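Shown below, as structure tokens, is a lone chain in the form deposited in one PDB entry; questions about how it binds or moves come after it.
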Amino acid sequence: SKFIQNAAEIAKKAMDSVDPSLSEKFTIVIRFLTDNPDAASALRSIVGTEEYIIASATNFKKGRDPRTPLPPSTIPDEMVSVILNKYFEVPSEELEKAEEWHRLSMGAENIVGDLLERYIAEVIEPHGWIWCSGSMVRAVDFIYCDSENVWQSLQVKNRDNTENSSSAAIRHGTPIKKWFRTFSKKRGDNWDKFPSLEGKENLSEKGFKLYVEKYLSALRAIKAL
């Protein structure tokens, strides 16, 4: 639980051995967790230890590397195709295509959340917010140490209709700003309610869409490397 007393030095040293351009960011995240140890997620070594910090630097770094969308690697249930054909009137000739597009759609649904985090990070990390990449921080996606030396924190989700469990209350800092992008039961988006913070005014759905188009085209372009 409680972090080692030289956690900042250990953090800087650890990320310098992994990706020095991330050391300042990683060090600030370790500072946040030192103050808020219950926000640290299990990664294996004990939370707050030197070995934990070192493992976390790899985790944090790997979190930023591009993650490929991937359909499920399961065998589909043939009976689903029977129902599509016999009850929903999908033509026989089209069932193979329907099965594949279903699998790809599930792959897409499973990466939207990661894309949303990357997009926001692109826009607001210039302003000093830090993306808590990887899985070391529980139920916080972005953090910020403001003017008044108070921790500000942000939790983002793609959709309103997710059960929001697995959160323990912050100790040092303001309460976590929580925000979601889309509504399950109505059309449109929720960017107009994005919380007040440095860089908010440069986020939008059209921006998100442009980000995704450019990034996914990039990811296709490196598929063969």
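Start at 1 and count along the sequence shown; that's the residue number. Just so we're on the same page, rigid core means the largest C-alpha set that superposes within 1.5 Å between forms.
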Chain break class for residue 43 to residue 44, judged by how many deposited residues have no coordinates: 4 to 9
Comparing mean C-alpha B factor in the record for 65-73 and 23-31, the higher one is 65-73
Quick one: higher average CA temperature factor, 205-213 or 6-14? 6-14
Per the entry, which of 55, 197, 156, 176 tops the list for Cα B factor? 176
In terms of CA temperature factor as recorded, identify the highest of 85, 105, 135, 152. 135
When the deposited Cα B-factors of this chain's modelled residues are ordered and cut into thirds, is residue 193 in the lowest, the middle or the highest one? middle
Where does residue 146 sit by CA temperature factor within its chain: lowest, middle or highest third? highest
Residue 139's Cα B-factor: lowest, middle or highest third of the chain? highest
Would you check the entry's CA temperature factor for residue 125 and let me know if it's in the chain's lowest, middle or highest third? lowest
Using the temperature factors of the C-alpha atoms in this entry, rank residue 94 within its chain: lowest, middle or highest third. highest
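Only in words, not in the display: the form deposited in another entry, which the text now covers.
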Core-aligned, is the CA shift for residue 99 between the shown form and the other one 2 angstroms or more? yes
Answer yes if the Cα of residue 115 shifts by 2 angstroms or more between the shown form and the other one on a rigid-core superposition, and no otherwise. no
For residue 76, is the C-alpha shift between the shown form and the other one 2 Å or more after core superposition? yes
Regarding residue 172 and residue 179, go with closer or farther for their CA spacing in the other entry versus this form, the difference being 3 Å or more. closer
A 3 angstroms or greater change in CA distance between residue 166 and residue 27 is reported in the other entry. Closer or farther than in this form? farther
